[PDB]
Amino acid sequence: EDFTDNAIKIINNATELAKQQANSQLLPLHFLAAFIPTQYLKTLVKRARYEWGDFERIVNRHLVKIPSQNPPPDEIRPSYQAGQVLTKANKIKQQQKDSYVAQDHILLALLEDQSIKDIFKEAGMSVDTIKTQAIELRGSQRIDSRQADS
């Protein structure tokens, strides 16, 4: 699979967050938190007529409560659910007939994950409303370059 520049940044930043926090595994939550300053999710939340801080503070609250491990893992590996997010992002890319796995596909996959759905509900936000913003954002524009999900 080929990834957009932004998708690579999301995946790398998610791993870095897990590393810095000494968490035992890479979780869907780490991928979601990687969307926080890339201006993409902020744009969607604003389009949905929600307040960014209402979302950000909930993700951060969950992030800092992930347990830490002593000593930290030498290698951080995805949880089963985190692996499913990546597998689903690829499937969504294929269904949408896009040329690169994009930040859009990762977000759309995250919105199907139960732990992530629980976080949006807690924040006071409709997952369906956010999802509709992601669907509408680019219309029929193909993700046909490594920068096309800007």
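Start at 1 with the first residue shown and count on from there.
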query: Unmodelled stretch of the deposited sequence separating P37 from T38, binned as none, 1 to 3, 4 to 9 or 10 or more; finding: 4 to 9
query: Greater mean Cα temperature factor according to the PDB record, 48-56 or 27-35; finding: 48-56
query: Higher-B stretch (mean Cα B-factor, as the entry records it), 99-107 or 115-123; finding: 115-123
query: Chain thirds of CA B-factor: placement of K65; finding: highest
query: Third of chain Cα B-factors occupied by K9; finding: middle
